[PDB]
Amino acid sequence: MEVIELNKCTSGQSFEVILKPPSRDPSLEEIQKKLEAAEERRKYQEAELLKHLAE
Amino acid sequence: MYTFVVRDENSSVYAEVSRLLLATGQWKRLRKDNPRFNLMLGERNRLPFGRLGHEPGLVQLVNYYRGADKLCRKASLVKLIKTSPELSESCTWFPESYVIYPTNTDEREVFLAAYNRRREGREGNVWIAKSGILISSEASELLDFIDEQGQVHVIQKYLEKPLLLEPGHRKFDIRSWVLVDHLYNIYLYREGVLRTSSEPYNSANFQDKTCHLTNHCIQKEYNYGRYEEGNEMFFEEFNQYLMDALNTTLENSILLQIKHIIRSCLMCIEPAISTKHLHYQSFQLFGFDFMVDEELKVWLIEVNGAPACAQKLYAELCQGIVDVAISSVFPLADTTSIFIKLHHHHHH
Amino acid sequence: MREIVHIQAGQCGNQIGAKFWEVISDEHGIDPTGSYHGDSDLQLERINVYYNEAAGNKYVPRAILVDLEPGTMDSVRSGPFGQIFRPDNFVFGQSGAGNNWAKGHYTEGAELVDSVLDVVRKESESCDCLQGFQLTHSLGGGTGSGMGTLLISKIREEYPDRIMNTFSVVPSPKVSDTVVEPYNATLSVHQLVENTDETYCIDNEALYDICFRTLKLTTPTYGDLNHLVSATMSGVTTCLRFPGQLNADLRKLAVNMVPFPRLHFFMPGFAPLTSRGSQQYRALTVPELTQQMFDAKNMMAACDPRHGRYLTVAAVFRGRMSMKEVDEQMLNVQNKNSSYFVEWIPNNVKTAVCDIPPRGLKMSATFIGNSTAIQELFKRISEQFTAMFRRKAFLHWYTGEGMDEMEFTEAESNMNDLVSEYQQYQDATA
Amino acid sequence: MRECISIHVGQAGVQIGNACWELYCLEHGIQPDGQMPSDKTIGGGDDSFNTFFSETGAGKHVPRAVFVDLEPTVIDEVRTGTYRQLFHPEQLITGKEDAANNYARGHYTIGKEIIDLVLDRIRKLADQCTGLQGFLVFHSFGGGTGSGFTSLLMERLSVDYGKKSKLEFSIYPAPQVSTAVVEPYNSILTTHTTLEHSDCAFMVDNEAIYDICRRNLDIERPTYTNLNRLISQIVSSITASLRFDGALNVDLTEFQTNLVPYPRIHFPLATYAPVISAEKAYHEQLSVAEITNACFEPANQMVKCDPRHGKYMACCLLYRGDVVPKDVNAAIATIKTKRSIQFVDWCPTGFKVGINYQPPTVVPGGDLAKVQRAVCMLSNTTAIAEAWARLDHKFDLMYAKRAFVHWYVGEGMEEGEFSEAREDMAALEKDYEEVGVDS
Ligand SMILES: CC[C@@H](C)[C@@H](NC(=O)[C@@H]1CCCCN1C)C(=O)N(C)[C@H](C[C@@H](OC(C)=O)c1nc(C(=O)N[C@@H](Cc2ccccc2)C[C@@H](C)C(=O)O)cs1)C(C)C
Ligand SMILES: Nc1nc2c(ncn2[C@@H]2O[C@H](COP(=O)(O)OP(=O)(O)OP(=O)(O)O)[C@@H](O)[C@H]2O)c(=O)[nH]1
Ligand SMILES: Nc1ncnc2c1ncn2[C@@H]1O[C@H](COP(=O)(O)OP(=O)(O)CP(=O)(O)O)[C@@H](O)[C@H]1O
Ligand SMILES: Nc1nc2c(ncn2[C@@H]2O[C@H](COP(=O)(O)OP(=O)(O)O)[C@@H](O)[C@H]2O)c(=O)[nH]1
Ligand SMILES: [Ca+2]
Ligand SMILES: [Mg+2]
Ligand SMILES: [Mg+2]
């Protein structure tokens, strides 16, 4: 029913039509910690494996 | 070999339908959570439509229409009739009705305004409430009953002058069963049922309700069974009564209006619920409940999205469902109609 | 690309291994001298997975040949493809293990294993990105079984983060009358459950029944059995050897196939089943391949698939055919049999097509299934094992090499636990 | 003129990236050698296409793109394909061994060891920028690199350029072309980690795209090349306003403003029409009313779901071709009387509209016919939560038996990261439901 913000150029145009109106991200430091806790867990699993195998 | 799962244990209707399908030899029942089915007989609540129609190489079909609740819940029905042009607040066949939330889009102001307008013509001022019912002539015995319950209510004009069967001065309601298949064909099962009251109708006594309320149960609990088995009259006998007592037919005096109400309801929501362009298809059985007044004018009371049948009628209907709802989509191996198909294209 | 090192151990391991090399060499147009002579470049794209490149444009299989006796190795040196293997890659002893797993694992195998490991090391070091290892051997003898599993344990120690893959031939009294094979097999399975990532179970009982009942061979030889083995091996390694999307390396394969670390034992399958020489005039249709490859009669492990459930399945179709049709036929198999596939691993069947068919066929299909019905094979070994072990029969051959009974009770227990883990998942619901 | 950096991660991200940049070169008249005859200022410019392309003194137009995969195969295609001279060696980043379909291995194990080199190469591109808007990131939900590495990158982008916008284009997994049974896991994991870091995310369900190709392009069995060509048309419609003169969605902030009121609910539904086979012998050109109407057909959406059962928060229409407003408005009036289009109570029921007069370019010898007008619609509707419910259920099925979990735990990841990611998704499904239904 109602056109607004009509903008035209050589490339084309744009506008808006209304029909009805209306009724803290991780620090570099934390990212490093969780990468490293992870690698600590990998390395521990693997060193346990190497233990059992030595047995 | 087609496959189906069963997710509503209670449904009398669908128990019978699996029975029929298994017994065909050409269907197999999988378990609940196996997604590799052609047919889901779904649960009544939070049915997972978002998960249907994402299994490559299976045409999938379910026995509910998503969005059909808008017809089947009492407050929803009222909003729907008030707000669709197609139906309007000038709908002649739905009781004047109002949505009333507790306080403990509300329409209490607008309601009272219409009630305190009807105290004036000093015309009958009986109203009824459900979501646990209450009929009363008093504005604030009703509003007082609702506020005293944490459930949302409909307050609807009560039909003071019903049509009474004889002998017995009895009230009734009519149940019609309607099957909408995946193409949005509307099918009225040719057998409906009257659910009769048993105690004489009381033009001025509202406490006792074996006489004001025609539920097959609330009648089993109080003279029950006297004039017909289980307080259920069928169309044969009721037609004869119309011929004998009123010189008319069920077809002409009542069924026409019923067909028009059914079609108007379902045509109204067809854009909202049709599965025509969808990755899964639906069908669904509805039960429409009607009141007839003493002028033989039909009124819609309610629509039930999970109706049960009447004992006598199970076998035939279920076979009908298998035939027009299911085998239309999944053909069986090879080599009367119980439904009236509702269609009307008037040109203007 | 990503290199695989192949080790073959013992008579069986070396027979089936040789046979694999012949077959995939021909699939890649590499001839007995190491010279390429084919007409596609699909053949060369992923050649480095299995072949090193020598100067002179020569391909040497990345393969190590091991046995405790000379026999099968003079025999392989002078097979058709014998001249293709690198010569310092033949590692052999002199006395043989006498069908004794203790000798293979602990006493004689002990002596030779450091020489094998040096050859393995040398082959590793010259790899750009090693994926890991694959071993062919039987479980019922002494070298493939006891030494082969000692190897696995040593390779795992030096390379704890590479994939270890075996082709393990399971013994059957239809093929062999040596009484202690259930002892060697149970001890071996114990090792396999701990130290491999995928194991393909090739069951001598299955191969023999296929040969007898289906291929109508009244007196099958090992050569007949091995013909089914090498078709299978070619089939299951297709995805590793050609360009493609699905299971294209060992680790991708293991993540698609192994939901729990212990249940890594697979039933391979194959269609069409054929006998050597005798001729294949009619190509199968995509619907025939599909029905046949899931047939119990086409499985290289004698398990009844209807007795269990598939946890995961990989399917490979070869030769030029309609991908559309492959797709319907695969969906059709799962939809028509949905209850054999666990509902709690959604979409657990994966399909590959490769354009190059195997020699002498316009088309085939290979199946790889992780089914709970594989418990049946372990149950059969376990019943044979327990009948002897409860009286300690034949044990003296094992304790005479220093083993203790306890070691036997442990192997038996680990295997009984394996069987019950499969049973637990056959009954799990969702 | 403010610049955008495009980051393509994984096989999916990289191959889709190729398709996009190819389409871009066709669109702007840039040749494979990187020369653009029609560009008048040699060695620079602050034109619109320069948001995506930098210039060298030799007159070469180079994508502000970085491709990273953890194995070399795919990126080696780029290094040596028809577009090989377009891209600077240092923009193409390969590892040796990939994440084996495992989010944990892509995030923790190989991620840990490559993030810095990737960040530094982007930093290189950011340094060539007068006023960087932010990032467009392309990746699958399902592979290990696309899920695990991407989420790690996003975390790090938020540290290093906290002020910047990040838009994602994410491939949602479909069994008919998936390569791994653990995609649902990877998908929930990457979504829980990236949710806070992404300003607006465009999901493309491979299944929707696969079916559109079968039905509309009459293709037997689509390959990635088919899917990617179709996906690139849609991406191109979405980014056209960054690359050409206009006044709608001209910066990345504006995508968020126009499409995302609620920052967690930032997954708009894309629908595109018409899709017409190049083989089609004869074809009647479809009117504005027709292609606009096709924008409400679930069969033309990038994610199958039913917007009739949900609420809209926002809705943009982006036309390419012969289209005037008088036609758009009349189309909208009709459509609205015919269809179920409910907005949430706190938004105007309306439409932002952008028309670019050039109709869509097609790759010559492609499957897509040249058309006079096309439309991509971008709506933010709560119906798209259907996709999360489908993924969540597959996750619950497998997780309850801990199937494959050991592969994740084995890379360092902890079993609690599973249930945490799952709970995040549960609260996200609650958000959509709260926003989109009353009864
Ligand atoms: C004296 C009886 C054995 C020959 C025989 N029987 C048995 O072992 C007993 C007999 C009574 C109780 C239950 N059964 C199990 C047998 O058929 N065996 C062991 C074969 C294996 C055997 O068969 C024959 C007929 O020679 C062998 N096959 C080969 C063989 O394939 N040798 C090839 C070379 C070769 C290959 C692999 C291993 C060794 C040698 C040579 C060529 C011609 C070929 O390829 O067919 C050698 S011994 C099958 C059960 C598999
Ligand atoms: N549309 C499209 N989808 C793709 C393409 N390549 C892969 N996919 C899908 O993305 C998921 C697989 O992810 P990939 O991108 O191949 O994985 P990756 O990021 O390379 O990670 P790795 O596990 O390291 O290989 C599956 O859902 C594939 O179907 C592509 O070119 N186009
Ligand atoms: N406006 C009205 N006028 C007269 N009677 C009415 C009425 N509304 C309801 N009733 C009576 O109440 C009975 C049941 O009410 P209603 O059907 O609305 O509740 P309900 O859904 O729990 C039982 P059912 O599902 O069988 O219809 C009807 O059979 C009818 O007799
Ligand atoms: N299928 C097959 N089975 C074999 C072959 N050679 C031996 N076997 C079986 O392998 C077991 C004995 O193992 P073998 O490899 O000979 O002993 P090893 O040299 O000590 O490893 C018995 O079950 C044999 O039947 C063969 O070439 N093919
Ligand atoms: Ca310029
Ligand atoms: Mg031997
Ligand atoms: Mg990859």
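Chain A is the first sequence line, chain B the second, and so forth, proteins listed ahead of strands; every chain is numbered from 1. In listed order, ligands and their atoms are each counted from 1. FYI, side chains are in, hydrogens and waters are out, and symmetry mates aren't considered; it's all heavy atoms of this structure.
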Inset, instruction - Quick one: do B:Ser12 and B:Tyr314 satisfy side-chain hydrogen bond (donor to acceptor under 3.5 Å, both in side chains)? Show the steps, please. - result: CA-CA 9 Å; B:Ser12 16; B:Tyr314 280 94; 2.9 Å; yes

Inset, instruction - May I ask you to decide whether B:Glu228 forms a salt bridge with B:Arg195, counting only side-chain N to carboxylate O separations under 4.0 Å? - result: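 Not counted as a salt bridge, because no side-chain N and carboxylate O are separated by less than 4.0 Å.
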
Legend entry - Note: B:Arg118-B:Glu123 ion pair, threshold 4.0 Å (strictly below):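 A salt bridge links B:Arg118 with B:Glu123.
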
Taking only heavy atoms of [X], which atoms of ligand 3 are found under 4.0 Å from at least one of them?
X        : answer
B:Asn304 : 25 (O)
B:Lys157 : 1 (N)
B:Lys130 : 19 (O), 20 (P), 22 (O)
B:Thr214 : 28 (C), 29 (O), 30 (C), 31 (O)
B:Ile301 : 8 (N), 9 (C), 18 (O)

Between [X] and [Y], is NZ or CZ placed under 6.0 angstrom from the six-membered ring centre and within 45° of the ring axis?
X        : Y        : result
B:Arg170 : B:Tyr227 : yes
C:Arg77  : C:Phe85  : no
B:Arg175 : B:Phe290 : no

Any idea which protein heavy atom is nearest [atom], and the distance to it?
atom                    : result
atom 13 (C) of ligand 3 : B:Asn215 OD1, 3.9 Å
atom 8 (N) of ligand 3  : B:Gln156 OE1, 3.6 Å
atom 12 (O) of ligand 3 : B:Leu213 CD2, 3.4 Å
atom 25 (O) of ligand 3 : B:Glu302 OE2, 2.8 Å
atom 15 (O) of ligand 3 : B:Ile133 CD1, 4.2 Å
atom 10 (N) of ligand 3 : B:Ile128 CD1, 4.2 Å
atom 5 (N) of ligand 3  : B:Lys171 NZ, 3.2 Å
atom 18 (O) of ligand 3 : B:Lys74 CE, 3.2 Å

Legend entry - N or O contact, B:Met291 vs ligand 3, cut-off under 3.5 Å: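 N/O-N/O distance below 3.5 Å does not exist for this pair.
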
Inset, instruction - Could you say whether the N/O atoms of B:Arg175 and ligand 3 ever approach to under 3.5 Å? - result: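 There is no such contact.
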
Legend entry - Any donor-acceptor pair under 3.5 Å from C:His137 side chain to C:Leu135 backbone: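 No, because the side chain of C:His137 does not come within donor-acceptor range (under 3.5 Å) of the backbone of C:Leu135.
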
Legend entry - Donor-acceptor pair, side chain of D:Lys60 and main chain of D:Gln85, under 3.5 angstrom: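 The answer is yes, because a donor-acceptor pair under 3.5 Å joins these two groups.
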
Legend entry - Heavy-atom side-chain proximity of B:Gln257 to B:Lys297 below 4.5 angstrom: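 The answer is yes; the side chains approach within 4.5 Å.
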
Inset, instruction - Could you tell me whether the side chain of B:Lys161 reaches within less than 4.5 Å of the side chain of B:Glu295, counting heavy atoms only? - result: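 SC-SC contact between B:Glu295 and B:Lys161 ruled out.
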
Inset, instruction - Decide yes or no on side-chain hydrogen bond (donor to acceptor under 3.5 Å, both in side chains) for B:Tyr201 and B:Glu199, but give the supporting numbers first. - result: CA-CA 6 Å; B:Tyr201 179 86; B:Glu199 269 95 301; over 6 Å; no

Inset, instruction - Would you mind naming the N, O or S atom of D:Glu55 nearest to the Ca ion (ligand 5)? - result: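 Sorting the N, O and S atoms of D:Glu55 by distance to the Ca ion (ligand 5) puts OE2 first.
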
Inset, instruction - Pick one of side chain, backbone, both or neither for how B:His216 approaches ligand 3, counting any non-hydrogen atom pair under 4.0 Å. - result: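 For B:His216, no heavy atom sits under 4.0 Å from ligand 3.
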
Inset, instruction - Just let me know how B:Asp289 lines up against ligand 3, side chain, backbone, both or neither, with a heavy-atom cut-off below 4.0 Å. - result: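 Answer for B:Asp289: side chain.
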
Legend entry - Between D:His28 and D:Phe244, ring centroids under 6.0 Å: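 Yes, ring centres under 6.0 Å apart.
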
Legend entry - Ring centers of C:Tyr398, C:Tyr183 separated by less than 6.0 Å: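 Yes, ring centres under 6.0 Å apart.
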
Legend entry - Metal-centred angle, OG1 of D:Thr41 through the Ca ion (ligand 5) to OD2 of D:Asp39, rounded to 10 degrees: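 Computed angle, vertex at the Ca ion (ligand 5), rounded to 10 degrees: 140°.
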
Inset, instruction - Indicate if the distance from the Ca ion (ligand 5) to the nearest N, O or S atom of D:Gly43 falls below 3.0 Å. - result: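 So D:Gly43 does not count as coordinating the Ca ion (ligand 5).
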
Legend entry - Identity of the nearest option to atom 6 (C) of ligand 3, non-hydrogen atoms only, from B:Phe290, B:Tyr158, B:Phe288, B:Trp299: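 Of the listed residues, B:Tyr158 has the closest heavy atom.
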
